[PDB]
There are 2 protein chains.
Amino acid sequence: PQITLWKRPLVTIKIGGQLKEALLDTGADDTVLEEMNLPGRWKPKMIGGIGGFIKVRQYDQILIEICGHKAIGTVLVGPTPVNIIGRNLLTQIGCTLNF
Amino acid sequence: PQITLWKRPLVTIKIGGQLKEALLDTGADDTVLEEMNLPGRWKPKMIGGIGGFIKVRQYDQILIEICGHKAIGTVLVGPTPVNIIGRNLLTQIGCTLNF
């Protein structure tokens with residue numbers, strides 16, 4: 001799919017049996033999702049953005065279907081107001097920027 | 001140019017006669033640059049991201065050369081640790097996401 005940018009690049013994702021909307025974000029090193037329950041063992045971690053760092057939980061090898069393309073990777077969970085699909089997963093679905 | 005995402009999508013921009021590096025960011029509604037001097041008249045504004053909002057100065061119709069492609073649009077200036085090229089300018093250079 002070719003996605004233009006006049007609107008926020010929001011896509012449908014499926015994780016843990018749940019359906020959600022997430023932002024395909026070229027400016028995020030990592031993938032960070034709003035609060036939700038995931039497969040158990042996690043490591044503490046912090047992430048920075050504009051205006052301040054937040055604490056998040058890091059889960060490894062998590063399956064995530066992004067607009068129909070499966071990918072497994074590290075997923076962080078914490079107090080972000082929007083679901084963010086970062087480069088770690090964008091590279092897995094073969095996503096690129098073009099102009 | 002086709003840009004993959006294994007590394008941060010940083011490009012060379014030219015603004016106000018200055019050369020800088022900026023992040024092509026699909027997750028930013030606006031374009032926000034680190035502190036710098038611009039063409040005079042500006043309006044106050046705030047932007048939110050992960051962990052907290054910051055105050056910025058909004059400048060209108062600012063010329064900006066992004067990796068060789070000129071674009072004129074609104075550019076914000078404030079305390080961001082990285083130069084961010086948002087969707088308002090990404091649409092002007094015909095930038096799209098593809099997978």
# chains A, B, ... in the order shown; residues from 1 in each chain; ligands from 1
$ select_by_dssp --residues "region 19-98 of chain A" --states "strand (DSSP E or B)" --output "PyMOL selection string"
chain A and resi 19-24+32-33+42-47+54-66+69-77+84-85+96-98
$ closest_atom_pairs --of "chain B" --to "chain A" --cutoff "8 Å" --atoms "only C-alpha atoms" --output "Markdown table"
| residue | atom | partner | partner_atom | distance |
| --- | --- | --- | --- | --- |
| B:1 | CA | A:99 | CA | 5.8 |
| B:2 | CA | A:98 | CA | 4.7 |
| B:3 | CA | A:97 | CA | 5.2 |
| B:4 | CA | A:96 | CA | 4.8 |
| B:5 | CA | A:91 | CA | 5.7 |
| B:6 | CA | A:91 | CA | 6.3 |
| B:8 | CA | A:27 | CA | 7.3 |
| B:9 | CA | A:26 | CA | 7.2 |
| B:23 | CA | A:27 | CA | 6.8 |
| B:24 | CA | A:26 | CA | 6.8 |
| B:25 | CA | A:27 | CA | 4.6 |
| B:26 | CA | A:25 | CA | 5.1 |
| B:27 | CA | A:25 | CA | 4.6 |
| B:28 | CA | A:27 | CA | 7.9 |
| B:29 | CA | A:8 | CA | 7.5 |
| B:48 | CA | A:50 | CA | 6.9 |
| B:49 | CA | A:50 | CA | 5.0 |
| B:50 | CA | A:49 | CA | 5.0 |
| B:51 | CA | A:52 | CA | 4.2 |
| B:52 | CA | A:51 | CA | 4.2 |
| B:53 | CA | A:51 | CA | 5.0 |
| B:54 | CA | A:51 | CA | 5.4 |
| B:80 | CA | A:50 | CA | 6.1 |
| B:81 | CA | A:50 | CA | 7.8 |
| B:87 | CA | A:5 | CA | 5.9 |
| B:88 | CA | A:6 | CA | 7.5 |
| B:90 | CA | A:5 | CA | 7.1 |
| B:91 | CA | A:5 | CA | 5.7 |
| B:93 | CA | A:99 | CA | 6.5 |
| B:94 | CA | A:99 | CA | 5.3 |
| B:95 | CA | A:99 | CA | 4.3 |
| B:96 | CA | A:4 | CA | 4.8 |
| B:97 | CA | A:97 | CA | 4.6 |
| B:98 | CA | A:2 | CA | 4.7 |
| B:99 | CA | A:95 | CA | 4.3 |
$ atom_distance --atom1 "CA of residue 72 (chain A)" --atom2 "CA of residue 46 (chain A)"
20.8 Å
$ residues_around --residues "region 40-44 of chain A" --least-positions-apart "6" --cutoff "9 Å" --atoms "only C-alpha atoms" --output "ChimeraX atom specification"
/A:55-60
$ select_by_dssp --residues "chain B" --states "helix (DSSP H, G or I)" --output "PyMOL selection string"
chain B and resi 87-90
$ residues_around --residues "residue 65 (chain B)" --least-positions-apart "4" --cutoff "10 Å" --atoms "only C-alpha atoms" --output "VMD selection string"
chain B and resid 12 to 17 19 69 to 72 93
$ write_last_selection --atoms "C-alpha atoms" --output "PDB file, in the first residue's frame"
ATOM      1  CA  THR B  12      20.117  17.518   4.830  1.00  0.00           C
ATOM      2  CA  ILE B  13      17.980  20.685   4.859  1.00  0.00           C
ATOM      3  CA  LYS B  14      18.803  24.270   3.942  1.00  0.00           C
ATOM      4  CA  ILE B  15      16.926  27.042   5.727  1.00  0.00           C
ATOM      5  CA  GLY B  16      17.804  30.704   6.174  1.00  0.00           C
ATOM      6  CA  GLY B  17      21.086  30.103   4.413  1.00  0.00           C
ATOM      7  CA  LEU B  19      22.657  23.788   6.542  1.00  0.00           C
ATOM      8  CA  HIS B  69      13.350  19.723  -2.869  1.00  0.00           C
ATOM      9  CA  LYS B  70      12.111  23.200  -2.040  1.00  0.00           C
ATOM     10  CA  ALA B  71       8.945  23.696   0.008  1.00  0.00           C
ATOM     11  CA  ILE B  72       7.385  26.719   1.706  1.00  0.00           C
ATOM     12  CA  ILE B  93       7.799  17.284  -1.495  1.00  0.00           C
TER      13      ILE B  93
END
